[PDB]
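Visitor: Sending over a structure as C-alpha cells; questions will come in a sec.
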Amino acid sequence: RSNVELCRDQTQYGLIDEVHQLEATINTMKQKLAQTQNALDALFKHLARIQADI
Amino acid sequence: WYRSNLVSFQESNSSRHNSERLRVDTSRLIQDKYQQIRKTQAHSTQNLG
Amino acid sequence: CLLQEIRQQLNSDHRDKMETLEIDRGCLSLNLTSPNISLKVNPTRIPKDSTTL
Amino acid sequence: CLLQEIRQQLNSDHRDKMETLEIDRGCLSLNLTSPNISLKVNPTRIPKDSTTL
Amino acid sequence: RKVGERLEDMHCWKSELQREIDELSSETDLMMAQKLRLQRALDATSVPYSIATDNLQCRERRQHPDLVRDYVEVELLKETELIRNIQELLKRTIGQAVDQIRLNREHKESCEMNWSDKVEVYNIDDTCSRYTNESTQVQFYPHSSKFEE
Amino acid sequence: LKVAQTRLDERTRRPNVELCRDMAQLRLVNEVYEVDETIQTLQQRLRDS
Amino acid sequence: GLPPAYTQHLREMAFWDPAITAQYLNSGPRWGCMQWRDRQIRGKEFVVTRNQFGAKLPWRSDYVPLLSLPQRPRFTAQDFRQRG
Amino acid sequence: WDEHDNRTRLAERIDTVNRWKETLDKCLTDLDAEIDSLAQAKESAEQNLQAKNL
C-alpha cells in the first residue's frame, strides 16, 4: 500500500474468513464424492449378480 | 466436439467485446486531448500579444 | 519557513492517499475471468508495520 | 435497403453539424490581441446560396 | 515406483522457487525504503536556496558610497547553481528507481504464477496417488485421444 | 512540440535587461512536458491496439 | 486571473517547490506506481485501464460505427429476446 | 453473497478516501493564497524600512 498507509481493516479479516470457509467447503465436497462413488459401485455389483442369475 | 465448438464461440465473443470497448475509449481520448491542446496554445499567443 | 514545511508535508500526505486510491480502485475493477489472477503464496501473511485505523 | 440510405444521409448531416460546431467554437475562441486578425475584402458580401433557418 | 519418482522430482522445484520469490519480496522492500530515503532528502533540499536568495537581496540592500562585488556574491551564485543541479539530478535518479520497481514487480508476478501452477499440479498428483485397486473412486470410462494429446 | 520549442529558444538573444522571467518560459515547460507524456500515452494505447 | 502557484513563482523571494508546477491539480504522474499491464492470453478477455472509476460521463460524443453489442447504455431502443 | 458484501465494503472505503482528498486539496489552495499574501507583505515592509534614512 504505502510506507505508513499500510493499514489492517475489516476487509482483511473478511477475506481470511472466506478463505477458511472455502477450504472447509472443499473438504465437504470430497467427502460427498466418496459416498457417491461407493453407491455407484454397489449398484454395479447388484447388476452383475442380476445378469448372472438371468 | 461440442466442448471445442463452445470454446471457439466463447473466444470469438470475448474478442468482439474487447475490440469494441477499446474502440470507445480511444475515440474519447482523441477529441479530449485535441481540444485541451488548442486552448493551451491560444492562451499563450494572446498573452504574448 | 514554518509554512514551507507545512506545505511539503501536506503534499506528501496527498500523494500517499492518491496512490491508495488508484490501488484500491484497480482492485475493485478486477473481477472474475481475469488474466493475471493465480493462486498465491501465504496471502494469509501479516504486514510488517501493521498500522491501525 | 431503405434503412441503408437513411443511415448514410443521417451520417452526412452529422458531419455537417459537427463542422459547424468547431467553426462556431473558434469564432468564440478568438478575441482582441490576436496575430491572425487582419482587414479583409468586402465584409459586406452576401452569401450566394442564401439559405435560412 | 515411477509415480513416486516423478512426485519427488516436482517437490524439488517447488521448494527452490518458494524461496526465490521470498528473497525477491525482501529486496523489493529494501528498494522501497531507499526510495523513501531519497524522497526525504529531496524534501530537505529546498531551504538553503531560499536562504541564499534572501541573503543576496539583503546584500543588495546597501547605500551608495559603499557597495562592491566580491567572494560573497560569486560564492552565493555557486551555491545556487549547485543547489539547482542537485535538484534535477535527484529527480532523474528517482525516476529510474521507480522504473526499476516496475520491472521487479512484473518479474515477481510471473514467477509467482508459475509457482502457483506447480503447487496445484503437485497437490492433485499427491491426492490421486493414494489410489488402490480395492478401494472406491474406481470408475469405467471410454478411451480418448486427449488421453494422448 | 517543434513549434513551441522554436518559440521558446530565441529569447536568449535578449541582450542585457529585457532578459526576463516571463509568461512564456513559465507556460512553455509545462506545455512541453504535457505533450511529451501525451505522446507516450498514445504509444501505450497503440501497442495495446 | 491566475493560479496562486503561478503567482507565487512570479515573485522575487524563492519559495516554490523543486518541481515543475503545483500538483494537487495533477494526477497519477510525479512518481506514481503500480502500473497494471495485461498479459495477452487467448481464452480470457483483455480488459484495459482497470482504473474503472464511475464518474460524470457526458454522453455526447458517442458515435461508434458498429456497437451492435449488449452496450450503448442509457437509451437503446432494443428488443429483449426470442428465447428458444 | 459473501463476495457481494466484500465489494460493498470496498466501495464505501473508496468514498471516505476521496472526500478526505478533496478536503486536503482545498486546504492546500488556501495555503498557497496565504503564502503569496505574506510574501507581498514582507517585501512591502522591507521597502518601508529602506526609506528610514533620509
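The chains in the C-alpha cells are called A, B, ... from first to last as shown; in each chain the residues are counted from 1, and the ligands are counted from 1 in the order shown.
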Following superposition of chain C onto chain D on all C-alpha atoms, paired in order, what is the C-alpha RMSD to one decimal in Å?
Guide: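 That comparison of chain D with chain C gives 0.4 Å.
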Visitor: If we count only C-alpha atoms, which residues of chain D reach to within 12 Å of chain G? Please list them as a list in words.
Guide: residues 7, 8, 11, 14, 15 and 18 of chain D
Visitor: Would you export the selected residues with N, CA and C atoms as a short mmCIF file (atom, residue, chain, number, x, y, z; two decimals), in the first residue's frame, please?
Guide:
data_model
loop_
_atom_site.label_atom_id
_atom_site.label_comp_id
_atom_site.auth_asym_id
_atom_site.auth_seq_id
_atom_site.Cartn_x
_atom_site.Cartn_y
_atom_site.Cartn_z
N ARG D 7 -29.50 5.79 -43.14
CA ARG D 7 -28.32 5.92 -42.29
C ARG D 7 -27.25 6.78 -42.96
N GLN D 8 -27.06 6.62 -44.27
CA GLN D 8 -26.00 7.39 -44.91
C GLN D 8 -26.32 8.89 -44.90
N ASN D 11 -25.71 10.30 -41.45
CA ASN D 11 -24.28 10.48 -41.17
C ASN D 11 -23.74 11.74 -41.85
N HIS D 14 -24.66 14.57 -39.81
CA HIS D 14 -23.85 14.57 -38.60
C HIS D 14 -22.52 15.28 -38.81
N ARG D 15 -21.83 14.91 -39.89
CA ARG D 15 -20.57 15.57 -40.17
C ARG D 15 -20.78 17.06 -40.43
N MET D 18 -21.26 18.84 -37.03
CA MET D 18 -20.04 18.90 -36.22
C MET D 18 -19.06 19.93 -36.79
#
Visitor: Using only C-alpha atoms, find each residue of chain B with at least one atom at most 9 Å away from an atom of chain D; report its shortest atom-to-atom pair and that distance in Å (one decimal), sort the rows by chain and rising residue number, and return the result as a Markdown table.
Guide:
| residue | atom | partner | partner_atom | distance |
| --- | --- | --- | --- | --- |
| B:39 | CA | D:29 | CA | 8.3 |
| B:42 | CA | D:29 | CA | 8.1 |
| B:45 | CA | D:34 | CA | 7.4 |
| B:46 | CA | D:33 | CA | 5.9 |
| B:47 | CA | D:33 | CA | 8.1 |
| B:48 | CA | D:33 | CA | 8.8 |
| B:49 | CA | D:33 | CA | 5.6 |
Visitor: From the DSSP assignment of the backbone, select every residue of chain C that is alpha helix (DSSP H), and format the answer as JSON, numbers by chain.
Guide: {"C": [2, 3, 4, 5, 6, 7, 8, 9, 10, 11, 12, 13, 14, 15, 16, 17, 18, 19, 20, 21, 22, 23, 24, 25, 26, 27, 28, 29]}
Visitor: Compute the chain E side of the contact with chain H at 10 Å, counting only C-alpha atoms, and hand it back as a PyMOL selection string.
Guide: chain E and resi 58+61-63
Visitor: Only N, CA and C atoms, please: the residues just picked out, written as an mmCIF file, in the first residue's frame.
Guide:
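Result saved to result.cif:
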data_model
loop_
_atom_site.group_PDB
_atom_site.id
_atom_site.type_symbol
_atom_site.label_atom_id
_atom_site.label_comp_id
_atom_site.auth_asym_id
_atom_site.auth_seq_id
_atom_site.Cartn_x
_atom_site.Cartn_y
_atom_site.Cartn_z
ATOM 1 N N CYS E 58 19.455 40.947 0.713
ATOM 2 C CA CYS E 58 19.921 41.780 1.818
ATOM 3 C C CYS E 58 21.219 42.492 1.464
ATOM 4 N N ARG E 61 20.622 45.319 -0.603
ATOM 5 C CA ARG E 61 20.125 46.451 0.169
ATOM 6 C C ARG E 61 21.289 47.159 0.849
ATOM 7 N N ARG E 62 21.884 48.132 0.161
ATOM 8 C CA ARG E 62 23.061 48.828 0.654
ATOM 9 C C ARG E 62 23.019 50.272 0.172
ATOM 10 N N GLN E 63 23.934 51.083 0.691
ATOM 11 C CA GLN E 63 23.964 52.514 0.431
ATOM 12 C C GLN E 63 24.938 52.817 -0.709
#
Visitor: Under the rule that only C-alpha atoms are counted, which of C:46, C:39, C:19, C:28 is the nearest residue to chain H?
Guide: C:28
Visitor: Sort by chain and increasing residue number a table of all residues of chain G within 12 Å of chain H, each with its closest pair of atoms and their distance in Å to one decimal, counting only C-alpha atoms, and write it as CSV.
Guide:
residue,atom,partner,partner_atom,distance
G:2,CA,H:33,CA,11.3
G:3,CA,H:33,CA,9.2
G:4,CA,H:33,CA,5.9
G:5,CA,H:32,CA,6.5
G:6,CA,H:32,CA,10.0
G:7,CA,H:36,CA,7.5
G:8,CA,H:36,CA,5.5
G:9,CA,H:36,CA,9.2
G:10,CA,H:36,CA,10.1
G:11,CA,H:39,CA,8.4
G:12,CA,H:43,CA,9.0
G:13,CA,H:39,CA,7.5
G:14,CA,H:39,CA,9.9
G:15,CA,H:35,CA,8.8
G:16,CA,H:32,CA,9.9
G:17,CA,H:32,CA,11.5
G:22,CA,H:32,CA,9.7
G:23,CA,H:25,CA,9.8
G:24,CA,H:25,CA,6.3
G:25,CA,H:25,CA,8.6
G:26,CA,H:25,CA,11.1
G:53,CA,H:14,CA,10.4
G:54,CA,H:11,CA,10.8
